[PDB]
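A.B. asks: Opening piece of the complex, as it sits:
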Amino acid sequence: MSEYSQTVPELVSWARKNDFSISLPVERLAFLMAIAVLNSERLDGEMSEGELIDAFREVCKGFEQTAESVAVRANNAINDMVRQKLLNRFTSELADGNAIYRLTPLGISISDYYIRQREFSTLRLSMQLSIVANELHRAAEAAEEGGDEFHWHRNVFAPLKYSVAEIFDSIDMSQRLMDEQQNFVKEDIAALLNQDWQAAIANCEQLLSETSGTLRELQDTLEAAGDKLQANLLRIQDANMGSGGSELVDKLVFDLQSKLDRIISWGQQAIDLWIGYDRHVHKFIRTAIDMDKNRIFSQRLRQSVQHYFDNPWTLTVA
Amino acid sequence: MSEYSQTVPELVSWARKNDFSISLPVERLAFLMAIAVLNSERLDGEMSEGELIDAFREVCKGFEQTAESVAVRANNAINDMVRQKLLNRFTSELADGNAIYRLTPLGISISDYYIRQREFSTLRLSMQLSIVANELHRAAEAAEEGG
Amino acid sequence: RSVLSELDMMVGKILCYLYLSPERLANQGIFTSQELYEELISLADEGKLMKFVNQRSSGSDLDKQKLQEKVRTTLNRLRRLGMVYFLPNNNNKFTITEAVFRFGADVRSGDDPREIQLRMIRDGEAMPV
């Protein structure tokens, strides 16, 4: 069963019928982040209504807002978060009516995107590939040992669905993180070239080399493990075909193979895109540096185009 | 270093200064989900600008909207998603100016919360606990080996 | 008397740098609209310049093609002013002339930009916006 059991039109109809929406203003988003932070500092992962109100008061202070009706404003905000599925509320008779609050998977995912400082790591990738390699190897040995539907479900399907698939998703998220990092570096290089292009040449070459080495190191790691992971997926597929199959295991193995191909393909594509940019920046720097030789107008005219909008002027014509 | 290096007042000051916010009405959320579904059916994990516009047209049809300005509305929606950090855009000179799009970790997390039918599996937990037990055991053996 | 548009100035100063560039002198003066466009986006702030084509532009291809068509339009106006000559049989390629140096009137002397600008407006060469 495709993870997304619904076609695009069906999904659109379903979404329209359920009326799902996200609206995160600066103050509410700050309050969510404050709640996420406060929850992370606690031993029980639970927050009382009074503690949430105190957190809202701090946000309001931080926004320099009026102290009037803060208890109401906080209740409105708490009800809005619950109504938006960001917080789960537990009302127990045993708690004398005091409600207990916990953040939902959604409220956490949103708060973590902003607060969690996410940067790409090869050690992490190497570890993840090592674990998945061991999990796939065990699942392949279990598939080759053969067995009943219980053996195939517990020793082959459960590891593939609840362990291998999750690690592949983590690898993909790390790749998507690396993609954001590249776009950030391009913006920094443009800023360095606009401030002082002559002094920025060494810094730009360092940023280009550090990013390139990282992309290549990543790809070398994926390629080394990718062949072993594919061989184990094929061993499982061959063992499944030999033991009369299971459509559930075949579909799951096919999905994992498709993800692995995507994970391997992404690295080569990212390298090609980075190379195009790297060549362009080197060509630009060489053109800026070396082709003006008395070196008189390069600076004189480039700075005028770069900063025109600080003093826009226009010529006159008959 | 605490995963969240900033105290609540510092975070509030920082958030206020960066002016962070998220706006995904039903149509935009549906479009994001449609993009997420379309990306999952592909072999390269990449989407072109024309494919995103076709996806937006289907959402608009599904919302029974006017076919007027759809290419403009789709561009505004695509720019909004990029501006809201949901999509990464790659503009390569090698691609004759054609931009390539990929969903960000954020855009994926949000779409998956709604589309992925997540139900609690005991087997999954048993498996996860097995992997962490092996990873912790290896890390403990490595720590005891010293170095 | 009339004044040129700021987009005309961007294309004018870029055509000026292109004329000077010894790196492209081997072309014997023949340039292509695509090369001009590529040089322009290499130097100016692409996303901030896009604001003039449309107030909502954020890097969409439709907006990038609209920018290219605006450039095609302004370049045709400069051809009428005598600043550039299209090839006899191919309209995607053209040749520069020395008249483009008037776009450098704000920097030909290495002095205070404000004083230069004042001098120019006093002489009737250029107006602000």
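C.D. replies: Yep, it's here. Numbering: from 1, shown residues only, chains lettered A, B, ... in the order given.
A.B. asks: Which helix or strand contains the residue of chain C found nearest chain B?
C.D. replies: Distance from chain B to each residue of chain C (Cβ to the nearest Cβ) is smallest for residue C:58, at 3.4 Å. Yep, even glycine has a C-beta here, placed from its N, CA and C like the rest. Using DSSP states H and E, residue C:58 sits within no helix or strand.
A.B. asks: residues touching residue 21, list them.
C.D. replies: As the question left the chain open, I've gone with chain A. By Cβ atoms under 8 Å, 6 or more residues apart in numbering or on different chains, residue A:21 lies in contact with B:24-26, B:29.
A.B. asks: ah, no, chain C please
C.D. replies: With Cβ under 8 Å, 6+ apart, residue C:21 has these contacts: A:287, A:291.
A.B. asks: From residue A:244, how far off is it?
C.D. replies: The gap separating residue C:21 from residue A:244 is 72 Å, by Cβ to Cβ, to the nearest Å.
A.B. asks: returning to that earlier point: among the contacts of residue A:21, which are in helices?
C.D. replies: Counting by DSSP state H, the contacts of residue A:21 place B:26, B:29 in helices.
A.B. asks: Tell me the one among the contacts of residue A:21 nearest to chain A.
C.D. replies: Distances from chain A to these, taken as Cβ to the nearest Cβ, are shortest for residue B:24 (4.1 Å).
A.B. asks: who's that closest one bridged to?
C.D. replies: On DSSP bridges, the residues paired with residue B:24 through beta bridges are residue A:22.
A.B. asks: now for DNA strand D:
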DNA sequence: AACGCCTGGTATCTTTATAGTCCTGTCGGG
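C.D. replies: Putting DNA strand D onto the chains we already have gives this:
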């Protein structure tokens, strides 16, 4: 016919006003 320019329309967003909703305060009474 296509490109360039203008005019008006359509979409989007903002502003402005109104009305609601709840809170707060006061007073009186219990």
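A.B. asks: what residues does the stretch 51-200 of chain A put near DNA strand D?
C.D. replies: Selection of the stretch 51-200 of chain A residues close to DNA strand D by Cβ under 7 Å from any atom of the strand yields A:68-69, A:71-72.
A.B. asks: Determine the set of other helices and strands touching the longest helix seen in chain C.
C.D. replies: Secondary structure of chain C per DSSP H: the longest helix is helix C:61-80. When contacts are defined as 3 or more Cβ pairs under 8 Å, 6 or more residues apart in numbering or on different chains; DSSP states H and E, helix C:61-80 packs onto helix B:70-83, helix C:6-20, helix C:33-43, strand C:84-86.
A.B. asks: would TSV of the residues of the stretch 51-200 of chain A next to DNA strand D with neighbour count be doable?
C.D. replies: Converted to TSV, those look like this (neighbours: other Cβ atoms under 10 Å in any protein chain shown):
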residue	neighbour count
A:68	8
A:69	10
A:71	12
A:72	9
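A.B. asks: And these, which two are furthest apart?
C.D. replies: A:68 and A:71 (9.8 Å; Cβ to Cβ).
A.B. asks: and of the residues of the stretch 51-200 of chain A next to DNA strand D, the nearest to chain B?
C.D. replies: Nearest member of those to chain B, counting by Cβ to the nearest Cβ, is residue A:71, at 18.7 Å.
A.B. asks: got CSV for the residues of the stretch 51-200 of chain A next to DNA strand D, with distance to residue C:116 too?
C.D. replies: Shown next, in CSV, are those (distance: Cβ to Cβ, whole Å):
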residue, distance to residue C:116
A:68, 57
A:69, 59
A:71, 63
A:72, 61
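A.B. asks: Here is DNA strand E, add it in:
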DNA sequence: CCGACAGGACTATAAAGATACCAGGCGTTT
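C.D. replies: Let me add DNA strand E to what's already shown:
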């Protein structure tokens, strides 16, 4: 302290208008 009564503030939504952004029409030039 409760309960009543109004008044004000705050918040939200509606209404209206403007502004942007494109398209369509029209006019000129290749």
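A.B. asks: Around chain A, which positions in chain C sit nearby?
C.D. replies: Within chain C, the positions adjacent to chain A are C:1-6, C:9-10, C:12-14, C:16-17, C:20-23, C:42-44, C:48, C:81, C:102-107, C:110, C:113-114, C:117, C:120, C:124-129 by Cβ under 8 Å from any Cβ of the partner chain.
A.B. asks: Mark which of the residues you listed are buried, thanks.
C.D. replies: Neighbour counting over those (16 or more other Cβ atoms under 10 Å in any protein chain shown) leaves C:3-4, C:6, C:9-10, C:12-14, C:16-17, C:20-21, C:42-44, C:103-107, C:117, C:120, C:126 as the buried ones.
A.B. asks: Give me the secondary structure label for residue C:82.
C.D. replies: Counting by DSSP: H, G, I helix; E, B strand; the rest coil, the backbone at residue C:82 sits in coil.
A.B. asks: whoops, residue C:54 was the one
C.D. replies: With three-state DSSP as the criterion, residue C:54 reads coil.
A.B. asks: right, and it touches residue C:65 too?
C.D. replies: No: using Cβ atoms under 8 Å, residue C:54 is not in contact with residue C:65, being 11.7 Å away.
A.B. asks: And those two? Which one has more around it.
C.D. replies: residue C:54 (15 against 12; other Cβ atoms under 10 Å in any protein chain shown).
A.B. asks: Could you find the closest non-adjacent residue to the more buried one?
C.D. replies: residue C:63 (5.8 Å; Cβ to Cβ, 6 or more residues apart in numbering or on different chains).
A.B. asks: Thanks again, I'm all set now.
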